[PDB]
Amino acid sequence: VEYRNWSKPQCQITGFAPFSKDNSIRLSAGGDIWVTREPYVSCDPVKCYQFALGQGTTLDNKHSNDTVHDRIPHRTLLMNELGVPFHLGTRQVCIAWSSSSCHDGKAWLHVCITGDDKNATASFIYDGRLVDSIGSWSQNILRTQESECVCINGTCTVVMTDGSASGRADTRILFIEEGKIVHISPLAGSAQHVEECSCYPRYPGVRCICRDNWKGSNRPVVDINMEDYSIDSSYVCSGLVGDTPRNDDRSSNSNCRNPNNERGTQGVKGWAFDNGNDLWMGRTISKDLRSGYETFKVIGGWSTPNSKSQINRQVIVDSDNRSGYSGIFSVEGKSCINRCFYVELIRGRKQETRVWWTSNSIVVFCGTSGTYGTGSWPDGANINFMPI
């Protein structure tokens, strides 16, 4: 067994093709299914696994009432082969209300965060053993990715932040070998706020598109040099802009360097990735609510301040259905490495009031160089049939 070094060209893609859907909410109205949120999928070298933070309860269970809250001591990271839903025989890999897992070629790495908001501890579990831990540096909710970390040659890097949600915060990128933190680098460059990074191997680096929860509608870019541990950061040039709230494409802007200050506050985890000077990306279809999801290529989106020429758009969840968080994940192919993404469909409170729980389900698509058609693949549950 050898370490993953990811040195293969990114595959050229034409757009995305359907890959998986687990249908957890339709099934919960006739089965015992875990209540979850912040899902993600990561992939070892032979097969793919889906993950999620559970709320320590199943949906048709009175303990699902008020699961809107993001942090309780009972949240654990659930892990299953991609496609098998979170039934009662699923494994709780660790205690966590914030996580990031990745496989380095030889074993899985899970960083799990639980604890008091003001004094959280992050555990680094590697190959089944606890190998290290870190406590909260700014005493205000130590958080992380909520999607995959990425390892090159034995070192896995994860980006975490502690500080204000909508204010200045402290961000450090950690480099860890076999579960042991081997270096910590503070954020550098121009990003003003960084939360939930969606990171991906871009040999010899790793690149992350994150959430700016303070001043931007455009998303931050964090660049990690795996050899010097140097960090660099900017914003995505695309004038099209992927966070929610966002302005609307007529009036939206990005200059590649600062927060655009257009409906800056709040956000949603998202992804985007480069292809030459172009950008492939997804965002919700609504500019105000987390509804619908669409992906497209922005010609010039990676390199020209404000480029808004779009092409190859695809609807993934129509605008009348709910979406949520989304992230990227890379699968190594035979000749190139491909990029795929998952989009969390959340259901329940606060937006839907008939029930007292909050849960999600997932749908995931992978890049393709072939051809494809059209569709909309939403959650599917009829809220009127659900246990409340």
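Don't overthink the numbering: it's just position in the shown sequence, from 1.
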Checklist entry - With respect to the recorded C-alpha B factors, which stretch has the higher mean value, 31-39 or 344-352? => result 344-352
Checklist entry - Got a sec? Mean C-alpha B-factor, which is higher, 94-102 or 158-166? => result 158-166
Checklist outcome for this item: Per the deposited entry, the peak Cα B-factor within the set 228, 81, 148, 212 goes to 228
Next on the checklist: Just to confirm, going by the entry's C-alpha B-factors, which of 309, 114, 284, 185 comes out highest?
Outcome noted: 309
Checklist outcome for this item: Entry-reported C-alpha B-factor of residue 364 relative to its chain, by third, is lowest
Next on the checklist: Please say which third, lowest, middle or highest, residue 223 falls into when its CA temperature factor is compared across its chain.
Outcome noted: middle
Next on the checklist: Using only modelled residues of the chain, where does the Cα B factor of residue 289 rank: lowest third, middle third or highest third?
Outcome noted: highest
Checklist outcome for this item: Of the three thirds of the chain ranked by Cα temperature factor, residue 175 occupies the highest
Checklist outcome for this item: Temperature factor at the Cα of residue 26, chain-ranked in thirds, falls in the middle
